[PDB]
Amino acid sequence: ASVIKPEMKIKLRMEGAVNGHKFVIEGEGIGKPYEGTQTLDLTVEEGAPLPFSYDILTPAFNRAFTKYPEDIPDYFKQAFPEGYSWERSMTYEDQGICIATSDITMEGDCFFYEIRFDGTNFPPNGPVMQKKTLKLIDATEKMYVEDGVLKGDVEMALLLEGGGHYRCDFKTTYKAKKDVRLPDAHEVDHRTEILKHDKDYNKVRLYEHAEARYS
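Numbering (PDB author numbering) for the sequence shown: 5 to 65, 69 to 222.
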């Protein structure tokens, strides 16, 4: 949508709690919506230092930053300037669970996210609470229309120290704030990388590259 410029700024605030630990993280960044790329600088403002793996947070920190082919309707870019929200359930293989939501709006050349993140039931000696995850493994999200909105299903894994995979299934519901042309079922490939961080991850620079396709 012509309101989506080739370069868009980002500002965000996340409030949440994981296994009883409350925290607030804010972020500023910039990305290229039509290239599917974005970089965020994230700062823990309350609850530092986080006692849990930062990798459970990174997909919560905007599918407007997805390269969409012209023959797949772009649910996310169509939704602006009004915007959209998303709601996400995440279930980890050791029964840790998370619920995250985001309300995404836009003013001028900047997106604004209001993010909520809640997680619980992580085993206190498991890889999340012991910060034993290395990264998110590249994953594919299956997008499909249901109940008049776009949904995405993901079976992905975090890489653990020692090479094990730590599996998480999540399901996201994406809700445009106005009617848009709904796409047929498709896929979004994600690559997610923490580019840099300070010692306690109070400061994190986070990158994503995402592209939509069929098959």
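From the three backbone atoms N, C-alpha and C, an ideal C-beta is built for every residue, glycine too.
Between residue i and the rest of its own chain, which residues show a CB-CB distance below 6 Å, the 5 nearest in sequence each way excluded?
i, result
"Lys26", "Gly51"
"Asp207", "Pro53"
"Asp196", "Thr147 and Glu218"
"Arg198", "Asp145 and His216"
"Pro80", "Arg188 and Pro190"
"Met18", "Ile29, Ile122 and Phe124"
"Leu166", "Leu141, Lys142 and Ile144"
"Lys138", "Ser57"
Answer yes or no: do residue i and residue j have a C-beta to C-beta separation smaller than 9 Å?
i, j, result
"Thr140", "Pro134", "yes"
"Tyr38", "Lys13", "no"
"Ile29", "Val48", "yes"
"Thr41", "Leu213", "no"
"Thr127", "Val211", "no"
"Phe118", "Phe56", "no"
"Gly24", "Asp45", "no"
If residue i and residue j are in contact, beta carbons under 8 Å, what's the gap, nearest whole angstrom?
i, j, result
"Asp160", "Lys178", "5 Å"
"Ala64", "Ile111", "At roughly 12 Å, the Cβ-Cβ gap does not stay under 8 Å, so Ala64 and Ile111 are not in contact."
"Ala86", "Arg95", "Between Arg95 and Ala86 the Cβ distance is about 17 Å, and since that is not below 8 Å, they are no contact."
"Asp125", "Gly20", "5 Å"
"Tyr91", "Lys182", "6 Å"
"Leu157", "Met150", "6 Å"
The ligand NAD heavy atoms versus the CB of residue i: any closer than 8 Å?
i, result
"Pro55", "Inclusion of the ligand NAD in the displayed structure is not the case, the ligand content being empty and no account of it being possible."
Please list, in chain order, all residues of the same chain as residue i whose beta carbon is under 7 Å from its beta carbon, the five residues on each side excluded.
i, result
"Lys36", "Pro10 and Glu11"
"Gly33", "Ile14, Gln42, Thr43, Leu44 and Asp45"
Given a threshold of 16 other Cβ atoms within 10 Å of its Cβ, counted over all protein chains shown, does residue i qualify as buried or as exposed?
i, result
"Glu77", "exposed"
"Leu202", "exposed"
"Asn69", "buried"
"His193", "buried"
"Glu148", "buried"
"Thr62", "buried"
"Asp205", "exposed"
"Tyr82", "buried"
"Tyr221", "exposed"
With a CB to CB cut of under 8 Å and the five nearest residues on each side skipped, what residues in its chain are close to residue i?
i, result
"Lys84", "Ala5, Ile8, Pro37, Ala71 and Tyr75"
"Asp116", "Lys9, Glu11, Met12 and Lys13"
"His172", "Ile144, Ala164, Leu165 and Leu166"
Across the segment 92-111 and the segment 188-197, are there enough close Cβ pairs to call them in contact, namely three or more that are closer than 8 Å?
no
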